[PDB]
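# Geometric and topological summary
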Amino acid sequence: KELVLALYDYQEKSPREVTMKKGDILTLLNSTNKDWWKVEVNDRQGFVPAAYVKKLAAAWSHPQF
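Residues numbered from 1 in each chain as written, not as in the entry; some residues may be left out. Heavy atoms only, no water.

Deposited coordinates in this entry are attributed by the record to X-ray crystallography, at a stated resolution of 2.30 Å.

In structure tokens, the structure reads:
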């Protein structure tokens, strides 16, 4: 299972999007598109800009953000 870190807060602009707070660790559902990634935040799924999150590779130990 993949995870991404919210680099900044993001307020959903429409029902297909989701809201996230800076520092959130979200479950990454789809990253095939280069601009919008589909993620899961507290029982909610939707797209967020790929620019606003960083994938946390399993192969790496991640420092505290």
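Of the pockets and cavities examined, the largest pocket occupies roughly 160 Å³. The wall of the largest pocket is formed by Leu5, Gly23, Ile25, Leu56, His62, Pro63, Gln64 and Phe65. (1 Å grid on protein atoms, 1.4 Å probe; cavity = no way out; pocket = protein on both sides within 12 Å on 5 of 7 lines; lining within 4 Å. Points joined across faces, edges and corners; volume = space filled by probe spheres on them.)

Side chains bearing opposite charge may pair, as long as their charged atoms lie close to each other. One pass over the structure, following the stated rule, counts four salt bridges. Residue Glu2 pairs with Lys55 through a salt bridge whose shortest N-O separation is 3.9 Å. Residue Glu2 is found in the segment before β1 (3-6), and its partner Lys55 is found in strand β5 (residues 53-55); the two are separated by 53 residues along the sequence. With its nearest N and O atoms 2.9 Å apart, the salt bridge here joins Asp9 to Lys21. (Salt bridge = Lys/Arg side-chain N within 4 Å of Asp/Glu carboxyl O. Helix = DSSP H or I, 4+ residues; strand = E, 2+ residues; numbered from the N terminus.)

On to the packing of aromatic side chains, then. In this structure the tally under the stated criterion is two aromatic pairs. Consider the rings of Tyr8 and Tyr52, whose centres lie 5.2 Å apart with planes at 80°: the pair is edge-to-face. Remark: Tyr52 occurs in the loop between β4 (44-49) and β5 and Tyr8 occurs in the loop between β1 and β2 (25-30); sequence separation between them is 44 residues. For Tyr8, a relative accessible area of 42% gives the class partly exposed. Between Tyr10 and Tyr52, the ring centres sit 5.5 Å apart and the planes meet at 80°, which makes this aromatic pair edge-to-face. With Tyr10 in the loop between β1 and β2 and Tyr52 in the loop between β4 and β5, this pair connects stretches of sequence that are 42 residues apart. (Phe/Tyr/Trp six-rings, centres within 6.5 Å; stacked < 30°, edge-to-face > 60°. Buried < 20%, exposed > 50% of the residue type's maximum accessible area, 1.4 Å probe, protein only.)

What follows deals with the side chain of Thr27. Note on placement: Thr27 falls in strand β2. Classification of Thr27 as buried rests on a relative accessible area of 12%. Ignoring sequence-local partners within four residues, the contact set of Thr27 consists of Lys1, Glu2, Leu3, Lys38, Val39 and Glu40. (Contact = heavy atoms within 4.5 Å.)

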